[PDB]
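# Fold and contact review
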Amino acid sequence: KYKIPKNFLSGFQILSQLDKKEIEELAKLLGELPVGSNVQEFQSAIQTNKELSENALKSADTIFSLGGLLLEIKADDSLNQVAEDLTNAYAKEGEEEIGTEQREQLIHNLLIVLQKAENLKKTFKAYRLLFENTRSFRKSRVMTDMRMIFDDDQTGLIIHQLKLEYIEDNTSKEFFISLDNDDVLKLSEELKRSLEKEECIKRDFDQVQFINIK
Amino acid sequence: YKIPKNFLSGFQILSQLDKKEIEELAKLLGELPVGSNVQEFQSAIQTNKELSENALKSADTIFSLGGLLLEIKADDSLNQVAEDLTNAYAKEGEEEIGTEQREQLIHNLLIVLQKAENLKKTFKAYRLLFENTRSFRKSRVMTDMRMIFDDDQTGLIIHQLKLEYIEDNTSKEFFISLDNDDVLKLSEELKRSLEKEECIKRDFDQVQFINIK
Amino acid sequence: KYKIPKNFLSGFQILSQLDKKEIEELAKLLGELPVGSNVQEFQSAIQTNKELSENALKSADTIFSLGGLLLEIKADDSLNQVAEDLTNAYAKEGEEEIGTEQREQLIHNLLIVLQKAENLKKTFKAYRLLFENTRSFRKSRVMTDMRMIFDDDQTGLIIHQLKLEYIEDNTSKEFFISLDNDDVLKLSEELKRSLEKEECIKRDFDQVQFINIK
Amino acid sequence: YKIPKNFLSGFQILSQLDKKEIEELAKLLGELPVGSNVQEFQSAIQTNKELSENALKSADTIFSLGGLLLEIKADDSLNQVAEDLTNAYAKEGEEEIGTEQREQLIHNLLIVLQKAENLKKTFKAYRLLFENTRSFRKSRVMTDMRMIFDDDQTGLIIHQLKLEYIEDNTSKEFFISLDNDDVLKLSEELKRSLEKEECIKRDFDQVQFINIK
Amino acid sequence: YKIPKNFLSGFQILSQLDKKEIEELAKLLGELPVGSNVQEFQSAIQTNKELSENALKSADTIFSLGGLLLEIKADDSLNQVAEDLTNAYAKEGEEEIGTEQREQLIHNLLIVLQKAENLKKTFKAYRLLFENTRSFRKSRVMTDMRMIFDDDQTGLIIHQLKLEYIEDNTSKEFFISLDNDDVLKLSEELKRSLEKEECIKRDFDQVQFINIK
Amino acid sequence: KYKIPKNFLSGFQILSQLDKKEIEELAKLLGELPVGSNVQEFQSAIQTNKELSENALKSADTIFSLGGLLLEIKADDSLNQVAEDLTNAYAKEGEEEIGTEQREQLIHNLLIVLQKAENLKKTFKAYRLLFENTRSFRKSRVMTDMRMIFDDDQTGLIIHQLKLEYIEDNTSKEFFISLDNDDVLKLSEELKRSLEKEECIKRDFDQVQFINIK
Amino acid sequence: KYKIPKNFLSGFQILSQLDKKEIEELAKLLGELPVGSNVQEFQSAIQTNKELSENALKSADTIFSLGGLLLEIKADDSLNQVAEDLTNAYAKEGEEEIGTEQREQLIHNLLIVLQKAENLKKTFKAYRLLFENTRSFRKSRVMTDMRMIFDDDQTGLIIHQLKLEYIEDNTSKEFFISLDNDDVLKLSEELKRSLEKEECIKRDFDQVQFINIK
Amino acid sequence: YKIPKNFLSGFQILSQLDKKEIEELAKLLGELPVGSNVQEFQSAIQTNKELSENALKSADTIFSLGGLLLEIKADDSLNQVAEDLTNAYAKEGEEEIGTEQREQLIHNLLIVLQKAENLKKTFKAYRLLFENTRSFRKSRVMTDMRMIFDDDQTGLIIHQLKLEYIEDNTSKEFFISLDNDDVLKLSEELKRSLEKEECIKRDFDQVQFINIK
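Chain B is annotated in the PDB entry as COMMD-like protein MBK5214510 from Flavobacteriaceae bacterium. As deposited in the PDB, this entry carries the title "Crystal structure of octameric COMMD-like protein MBK5214510 from Flavobacteriaceae bacterium".

Chain A appears in the PDB entry as COMMD-like protein MBK5214510 from Flavobacteriaceae bacterium.

Here it is, written out as structure tokens:
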């Protein structure tokens, strides 16, 4: 069924072994992790909690990666089956064979974590819904070029070549467009107006948690 | 050569001006600085009390001659341009032009065309500024909400930037989706680009960098 | 400044002439007209109000058309200047010359209407913001084709060729895509789910007036 | 000819079957109805208690032969196909194949290929169903809110329909914006298209219209 | 409703026909087989010696009603269509229509529209045949020579196939380069496609497969 | 400088070793090979020449592959440098070290072949110039579909969906277009007319060798 | 059948009236006009022939315009039918009615000209076949821009933005591409090499008349 | 940070250089003028008889550091870059690095990075020269013949210009058809563009305009 990215096998090894106290603090902190939090500030929360070890800290990527799976889980998919399917996949890529005690404790630890992966599921939902668009912005760059006006017996233009890099059809693409100084000003004003509108939409609808991924 | 019927009244008017008024029009067109629009040329005539309302009404037609001066064949005298324009007006006059008016028109267009040097530079700049694969026209941002539905409230604010541009002489739309951080980073790049323009102006201080108006 | 579509000159003629009572009822009804109402149900509201005549009814297109202008009107554009600029444009396309009394009454009547064009301005804003997208849907059609599977010594496919007609870059365009029976079912389910989500978004946010243009 | 290393175990297994098991595999593959997926072929072997787990493990490899049967040169005997496959397996066996196994493999593939007639029809249908300029894969709708900001609350609900399709062997996205009425009218057309399919099935009742699985 | 000024003479003419002529027009339009063009409808009127030249001159206008019958709202009587057309003609008559002619036109259009059933099917086929992403219009092949220049005579013959098509209601060109073998293989596929059409006609023998004309 | 496709190292091994008689027959046959001949009919010519062995036959791909290099060779690129650059590259991918006698004989044999690779260079030139187009045809397929005309109380269309597969921008692409029966006939006539024009262009210009690659 | 561009009705008026001597010289000169000659050098040939009048000179556009029709004329289309169909169309756009004598003389004069329109038919064939391409060049322009390299405590690039204007799908389009100085040099060399190849193709195949339209 | 296995030998080599050799490498890299390619850097090391073959073998790896210097976070010391590179090498050393070599590598990379200022400018120019919507790579012209077939010899010579370019990080082809006059006019514009470049160099004489190599 599942196949585990080879670099996460280290984190499942750790996860089969976390102490029943430590796994509960680690799952507790995961549930406390607010929606939109990236893995590095989940790591930072682990690294500072004096109840969580360096081993828990090293498991953060594996735990956080389950959010990509959690979006598939139906209303009647049981988390026990998920914890076992991940446990059987983990064992199948050993050259050792995983002892039954380690197997049981891993199923339990993953299940305990999956029970608390609620805001993590919302974080992967937010991340995919943010990029469900025809053209998702990634970066911009502006070249500020000079175009000299040649004469028939000292005059010139400055052209702002805006590059937008975007994803469309899962493909990295670039759009170039030519702006004068006044175009750059009026586009800056529309961008400012859209930020002003974002702050208005947050003060209204103040009962919605609006999410930033970065 | 043909004259658009939009401007026939202006060649008529311009054929009717005094040597004093037309000499003042040409000198004023010569002082008009490169990058000046027709509104500033009209404004400058209006404030000169030795140019009439007929001179002011000619100003839009005169400013159009900046374009033709880009198209002329390089061996042509401006006198052949003035004659060709005058016949192209007379051809549109179903009432036949007076011989006095034909002389005055060739004279008046040619005296103007002699000072059209900055008008030519102004139209070169207009051409060269839009000699680009995609030319910006307008921008608009739709600040949309996308709610995150749980299976059993949380949401995204998505900035849908619309860029309107000309390409292949065609008017087109580019939509792209930005979050708050993307909007700041795009704004930060635009500022940095405006700073770069001011640097290229502070260096290269002997080049006049012109803004279209 | 302005130029008036030749067929609306009839409606300005009527509008210069509505009775001070009738113009106030007509502007009152305009302000009562809810956002998203099209001109034909503004006409229908006029046609039924026993205080508004057949002449008011014939003016409805001209009044309703001002909403396209009202989106340009700045915070310090005065409605008097709008009413006069429309009045000077109206007179300039007469072959008669408009008498001063008719001019004054038209400025007043248009201004009285423009003061009540609030939900009409929102209706034109809604209409433009609804079509501010890369591809605005206009129509769909499905061809239900048969593709026979030929054999080497009675079997076939049914292919649902969905056509979407859309506007992009102000251009009328068509997109064809090929669906099997199961694709048509799963797309129908996503469309149903999106309608369910629209009804949820209306019950939440029940303090927002959500607008349909048709 | 080459065998993908994904299926080498299946030719090995299939070379190891009894004449009884392989005769039952071929007959069962012959009864498998057109449009059956490999899951149904596997399921049908599993429930036949005279086919082994080795037979069940061969089923994915056998079902792949439906594709090759579309590519074969029309004068070829299925016996030349079986030999070419057997050499293409032996070429991948760095441990050299037994002569008994070479006979059994050519025999076992050929007995199967003799009954692959509905498997060929099933793969024709798969090809012909995706022989289209744009083939549907998935749909998703984002129900977004677009607030109408007054200069001094009102909003639009916009259904952003995403269609995912294959074109030019490439995976692509088409986004289109719908209002509530557009979504109903599109749904109404889909229903009408499903009704048309049932009519084409009720008429033309002697054609088997197959669904891919 | 509006009438194009191209056809006003035809509604005029058609308003002027006898109950005998108009009954013969409708019956003849009813016998006209699906897929018949206006040339065949004109030809069939011409050879019927009880239809006049005025009937023949009406034929192009009548054939245009096949299109409108695709656009009508399904609850409408054909009598409301005939009235709406008659007012749309009277609206274009700056000389006002006689009341007798208004009755005769509603009568004459409605008697025709009653037999337009195969004309409707003919226009459905026209629509459905061009309800495609790219519709063929024309082909042309340029047989070009490309010489192989040695550094110190040999050449390629390249068949530049041009396909002209409609897409997005726009007229477009597709050029593709073929060698001699590609041209034969493309020709071989077209023949095989024509054979497949004749098979689908020999089977399904109770379906009328219509050609546009 | 060069790097040798690992499967051609076998053919260079053979080529370092062909007998001075056999290499001259093999190069002689290569020069006799007419422009447009593919490797399999070069192989077939080797396989039948009673002076060329099975070893020569196994070298045909390596010899024929030099035509892709021969298009780069300038007016003052010496074939000795080519034969050595290929010989030094061959040795560099051994785990053995190639003996000097084998090195000298390979340089000589390759040089003798390269001196006779004239029509082979024209064959690679022909092959590249044939595909120097915006859209190079690879294959066509026609689906012969039925489109039924539904009615409001037994009529249908047959639509020939022609697929052309082509290369553009080094990318495999497909173009679908819809034809009726008469379109298929008129396109067939234009294709026939273009074949007739090819035969005319060959009878005129009968002093040009016109090349087919397949 | 035909409809005549309103400005060519003047030339048919002249053509109905040319003298039997003059029409034969005018058709004789047309047959002498070499393939690729434009109308202005047909006019120039008329203007200098002392047997052709100013009236013949004014007819040159109408005569030359028949080449666009002549490409449609089949192997069994008779020129008499063409001359009459053009004559009946000419008369139908008079407000006068054309006298029978004028009608007969026009049919004869056009037919006499059409009999000599051979190189004119080749000139319209050449003109259409020259533009039977995916992208027909119309104009180029290069902007020579400066791109300054900014620094972190006097260096720059010159970028040659080549614009090609072309027709594709009957649409006026532009392609911009960015070149450095060396790209401009190497493209110039390929263009020179293609001109050298054109001169070679003319010296070989010296029995073909190679045509330039401009 | 990761090192590509293509360059691991170069960090190894570079970790093994003397303070004398590495000081000469850095100074020489500092004198290398902006726009110099790695071939000229290699050539300049080779001719300096106080740099070894190991120094010459390091040159390709050093020249690659111009790229990383565009990506560094602006607050970073070059010392943190050198450490990060050294750990990224040690991470790829399955045989563990000596502590002496770790010091020498951080030292040797940092002494080089101190003089990489013109290497940074050289890589900026490379980036900025290809920061364009379509970047030229190659051109080719096919001089084709198109014979004019009479119904009962004459021909066109058509110059098929192919431009190869990068767009969207993708390699693409633009074909356009030119006649002899179009080819001359395009050549005339290119010359005029080269003249304009020399003018922009003769004016603006205090700017170094660099050519990529």
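Here the narrative resumes.
## Concerning the overall build of chain A
Along the backbone of chain A there are nine helices and four strands. Its helices and strands taken in sequence order, chain A reads α-α-α-α-α-α-α-α-β-β-β-α-β from the N to the C terminus. In terms of overall size, chain A is more extended than a compact globule, its C-alpha atoms giving a radius of gyration of 25 Å where 214 residues would be expected to give roughly 17 Å. Out of the 214 residues in chain A, the part that is buried amounts to 52%. Carbon and sulfur atoms make up 44% of the accessible area of chain A, which totals about 10700 Å². Across chain A, the centroid of the 30 positively charged side chains sits 1 Å from that of the 40 negatively charged ones.

## Overview of the pairing of strand 3 (residues 171-179) of chain F
Residue and element names in this part refer to chain F. Taken across its nine residues, strand 3 has seven buried, putting it largely inside the fold. For strand 2 (residues 155-168) and strand 3, the ladder comprises nine bridges, and the chain directions are antiparallel. Among the inter-strand pairings, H160 is bridged to a residue of strand 3, identified as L179. Between strand 2 and strand 3, which pair antiparallel one after the other, the connecting turn spans two residues, and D169 there sits at a positive phi close to 50 degrees.

## Some words on the arrangement of the chains
Left apart from each other, chain A and chain E have a closest C-alpha approach of 20 Å. Nothing in chain D touches chain G; the tightest C-alpha to C-alpha distance between them is still 20 Å.

## Comments concerning the interface of chain B and chain A
Taken together, the contact pairs 62 residues of chain B with 66 residues of chain A. Here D179(B) makes a salt bridge to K214(A), at a shortest N to O gap of 2.5 Å. The tally of links from chain B across to chain A stands at 39 residue pairs in polar contact. Those elements that place two or more of their residues in the side of chain B that touches chain A are helix 7 (117-130), strand 1 (135-147), strand 2 (154-167), strand 3 (170-178), helix 8 (180-202) and strand 4 (208-209) of chain B. Its residues assigned to classes, the side of chain B that touches chain A shows 29 nonpolar, 16 polar and 17 charged. Pairing between strand 2 (residues 155-168) of chain A and strand 4 of chain B: two bridges, direction parallel. Its bridge partner lying in strand 4 of chain B, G156(A) is registered against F209(B).

## Topic: the pattern of salt bridges
Taken as a whole, this structure holds 148 salt bridges over all chains when the rule is applied. Across the pair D181(E) and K185(E) runs a salt bridge whose closest N-O atoms are separated by 2.7 Å. Here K185(E) and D181(E) lie together in helix 8 (residues 180-202), a separation of four residues that amounts to about one turn. Note on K185(E): relative accessible area 41%, which makes it partly exposed. Look at the salt bridges and you will find they share partners, linking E132(A), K138(D), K162(D), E164(D) and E173(D) into a network.

## Here we look at the side chain of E25(F)
All names here are of chain F. Among the structural elements, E25 can be located in helix 2 (residues 20-32). Residue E25 is classed as buried on the basis of its relative accessible area of 12%. Excluding its chain neighbours within four sequence positions, the residues that come into contact with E25 are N49, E51 and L52.

## Regarding helix 4 (residues 53-71) of chain E
All names here are of chain E. Along its length, helix 4 shows its largest kink, about 40 degrees, at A59. Taken together, the buried positions of helix 4 are occupied by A55, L56, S58, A59, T61, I62, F63, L65, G66, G67 and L69. Elements in contact with the buried residues of helix 4: helix 1 (8-15), helix 2 (19-31), helix 3 (38-47), helix 5 (78-92), helix 6 (99-114) and helix 7 (117-130). The N-capping residue of helix 4, defined by a side-chain oxygen 3.3 Å from the backbone nitrogen of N54, is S52.

## Section: the interface of chain B and chain D
With five residues of chain B in contact, the opposing surface of chain D contributes five residues. The largest per-residue losses of area from chain B upon contact with chain D belong to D144(B), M145(B) and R146(B), which jointly make up 71% of the total buried on that side. The interface formed by chain B and chain D holds two salt bridges in total. In this structure, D144(D) engages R146(B) in a salt bridge whose closest nitrogen and oxygen atoms are separated by 2.8 Å. Linking chain B with chain D are three residue pairs in polar contact. Broken down by class, the residue content of the side of chain B that touches chain D amounts to three nonpolar, no polar and two charged. Direction of pairing for strand 1 of chain B relative to strand 1 (residues 135-147) of chain D: antiparallel, over a ladder of three bridges. Considered in strand 1 of chain D, the bridge of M145(B) is made with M145(D).

## What to know about unusual backbone geometry
Working note: non-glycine residues mostly have negative phi, and peptide bonds are mostly trans. Despite not being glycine, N169(B) has its phi angle at roughly 60 degrees, a positive value. The residue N169(B) is located in the loop between strand 2 and strand 3 in this model. Despite not being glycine, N170(C) has its phi angle at roughly 55 degrees, a positive value. Position of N170(C) among the secondary structure elements: in the loop between strand 2 (155-168) and strand 3 (171-179).

## Quick word on the relation of the copies chain B and chain D
When chain B is brought onto chain D, the operation consists of a screw motion whose angular component is 180 degrees and whose axial shift is 0.0 Å, with 0.0 Å RMSD remaining. Interpreted geometrically, this transformation is the action of a two-fold axis. Proximity to the rotation axis, assessed at the C-alpha, singles out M145(B) in chain B; its C-alpha lies 2.5 Å from the axis. Mapped onto chain D, 100% of the interface residues of chain B are again interface residues, and the two copies thus contact each other with one and the same surface.

## Description of the packing of helix 4 of chain E against helix 6 of chain E
Residue and element names in this part refer to chain E. As a packed pair, helix 4 and helix 6 sit with axes 11 Å apart at the nearest point and diverge in direction by 70 degrees. Compared by their axis directions, helix 4 and helix 6 come out roughly perpendicular. Where helix 4 crosses over helix 6, the two elements pack in a sense that is right-handed. Of the residues in helix 6, those in contact with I62, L65 and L69 of helix 4 are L109, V112 and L113. Among the residues making up the contact of helix 4 with helix 6, the classes are represented as six nonpolar, no polar and no charged.

## Details of the packing of helix 5 (residues 60-70) of chain G against helix 8 (residues 118-131) of chain G
Between two packed helices, the angle of one axis relative to the other and the distance separating the axes together describe the packing. Residue and element names in this part refer to chain G. The N-to-C vectors of helix 5 and helix 8 enclose an angle of 65 degrees; their axes lie 8 Å apart at closest approach. By crossing handedness, the relation of helix 5 to helix 8 is classed as right-handed. Packed against helix 5, whose contacting residues are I63, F64, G67, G68 and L70, the element helix 8 presents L120, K121, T123, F124 and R128 at the interface. For the contact of helix 5 with helix 8, a count of residues per class yields five nonpolar, three polar and two charged.

## Re the pairing of strand 1 (residues 136-148) of chain A
Among the 13 residues that make up strand 1 of chain A, ten are buried, leaving the element largely enclosed by the rest of the structure. Sheet topology places strand 1 of chain A next to strand 1 (residues 136-148) of chain G; three bridges connect them, and they run antiparallel. Its bridge partner lying in strand 1 of chain G, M146(A) is registered against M146(G).

## A word on the environment of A91(C)
Residues and elements named next belong to chain C. Residue placement: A91 occurs in helix 6 (residues 79-92). Between the C-alpha atoms of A91 and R103, which are twelve residues apart in sequence, the distance is 8.2 Å. With residues up to four places along the chain from it excluded, the contact list for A91 reads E97, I98 and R103.

## Considering the environment of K57(D)
Residues and elements named next belong to chain D. When you line up the elements, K57 lands in helix 4 (residues 53-71). A residue is classified by how much of its surface remains accessible, and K57, at 57% relative accessible area, is exposed. For the pair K57 and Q46, spaced eleven residues apart in sequence, the C-alpha separation works out to 9.8 Å.

## Observations regarding the packing of aromatic side chains
Counting across every chain of the model gives 40 aromatic pairs over all chains. Taking the centre distance of 5.9 Å and the plane angle of 50 degrees together, the rings of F64(A) and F124(A) count as tilted. Of the two residues, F64(A) sits in helix 5 (residues 60-70) while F124(A) sits in helix 8 (residues 118-131), which places them 60 residues apart along the sequence. Accessibility classification places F64(A) together with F124(A) in one group, the buried group. Look at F42(F) and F64(F): their rings are 6.2 Å apart centre to centre, the planes differ by 35 degrees, and that puts the pair in the tilted class. With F42(F) in helix 3 (residues 39-48) and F64(F) in helix 5 (residues 60-70), this pair connects stretches of sequence that are 22 residues apart. Lying over the aromatic face of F150(A), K196(H) brings its terminal NZ or CZ to 5.8 Å of the ring centre.

Cut-offs applied
Residues numbered from 1 in each chain as written, not as in the entry; some residues may be left out. Chains lettered and ligands numbered in written order. Heavy atoms only, no water. Helix = DSSP H or I, 4+ residues; strand = E, 2+ residues; numbered from the N terminus. Rg over C-alpha atoms; globule rule 2.2 N^0.38 Å. Buried < 20%, exposed > 50% of the residue type's maximum accessible area, 1.4 Å probe, protein only. Areas by Shrake-Rupley, 256 points an atom, 1.4 Å probe, with all protein chains shown as cover. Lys, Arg positive; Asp, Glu negative; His and termini not counted. Charge placed at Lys NZ, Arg CZ, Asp CG, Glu CD. Pairing = 2+ DSSP bridges. Contact = heavy atoms within 4.5 Å. Salt bridge = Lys/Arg side-chain N within 4 Å of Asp/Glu carboxyl O. Polar contact = N/O pair within 3.5 Å; in protein donor to acceptor, adjacent residues only side chain to side chain. Nonpolar A, V, L, I, M, F, W, Y, C, P; charged D, E, K, R; others polar. Bend = angle between axes of the 7 residues up to and from the residue. Buried area = accessible area lost by both parts, 1.4 Å probe. Least-squares fit on C-alpha atoms. Axes fitted to C-alpha atoms, helices over the stretch in contact; angles between N-to-C directions. Parallel < 35°, antiparallel > 145°, perpendicular 65-115°, else oblique. Left-handed = near helix turned anticlockwise from the far one by under 90°. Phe/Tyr/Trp six-rings, centres within 6.5 Å; stacked < 30°, edge-to-face > 60°. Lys NZ or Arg CZ within 6 Å of the ring centre and 35° of its normal.

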